[PDB]
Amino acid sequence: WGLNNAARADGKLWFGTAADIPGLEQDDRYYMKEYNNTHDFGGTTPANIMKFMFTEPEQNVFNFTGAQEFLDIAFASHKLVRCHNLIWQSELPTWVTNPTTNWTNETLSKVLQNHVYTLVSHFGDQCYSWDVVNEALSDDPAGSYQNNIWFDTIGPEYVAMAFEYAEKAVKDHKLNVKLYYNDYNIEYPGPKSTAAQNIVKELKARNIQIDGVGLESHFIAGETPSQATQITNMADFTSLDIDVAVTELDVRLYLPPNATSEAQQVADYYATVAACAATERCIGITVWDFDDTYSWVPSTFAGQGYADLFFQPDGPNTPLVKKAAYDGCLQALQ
């Protein structure tokens, strides 16, 4: 009995994990045995291979092969897939970021439209959902739109546009895929969360399909919003007639860990999972990978790490050790 059995028993669609597949993880038999364990993981998200630079490496030249290897692997484990992501400021190829000739509203809008419509149409119902727009909102000022190539060139309309063209692809191919907005620092009430709720409201008012909001939940031990804080934040979204999901959960510490900060981690994993469990329309929890060995964290937040449910004290391709954080998740579901 594991996290995914427990989550499905609580009415959730999955307990899930991201994985950086295709990749070195596939060469680690101890990692893969646990990835493939449907007791723990009934959902998954590709960490990288469906992002824009990998799927459209040159303008109008699509590459689906790595993404399809990921989907094939997921399917063999009966995992529902959160496809991630269509439009984001990061991991953009050079033809977008540094074009020989400058984009116009017209020309970049067409690039966005073609990228969205082709990826959604191509993969169809292999995806349970798409993260159609990722991280459109600023941290400063918190309410406002992020400055990025899409925003700067198209304006705020690029968000509605992305959902509109993803909707066109689902309608044109009679798909069931759900359309999500995904962001971080929207897991607690505040101007950024409110701004995300206003995106949902605006789309709904325009009869543009939007099914859910992804709450990334990249947290630091001790800074994580309380379970109660997450409960009321989740309710604010779901009252807009959408689902939510916890999409990228990990709870990083300042290295090295100690007894206090490990105890904080367990509490913060518990709080986030418990808040999902208390929320009728939170459809599931996904961790942003489950093995510290392969976690994005220590590359991205210097002097932080230890963020995942398992680790390998002897490195890649050696046995896993389950952390107390895992039990925090399981208890939250029971």
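Residue positions are given as counts along the sequence shown, with the first one as 1.
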Per the entry, where is the mean C-alpha temperature factor higher: 208-216 or 101-109?
101-109
So, looking at the entry's B-factor column for Cα atoms, which has the higher mean, 83-91 or 143-151?
143-151
When the entry's CA B-factors for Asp131, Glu135, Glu157, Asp250 are compared, the highest one belongs to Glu157
Of the three thirds of its chain by CA temperature factor, lowest, middle or highest, which one includes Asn48?
lowest
Please place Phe301 in the lowest, middle or highest third of its chain by C-alpha B factor as given in the entry.
highest
Ranked against its chain, the third holding the CA B-factor of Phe237:
middle
For the chain shown, is the CA B-factor of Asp268 in the lowest, middle or highest third of its modelled residues?
lowest
Per the entry's values, where does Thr194 land by CA temperature factor relative to the rest of its chain, in the lowest, middle or highest third?
middle
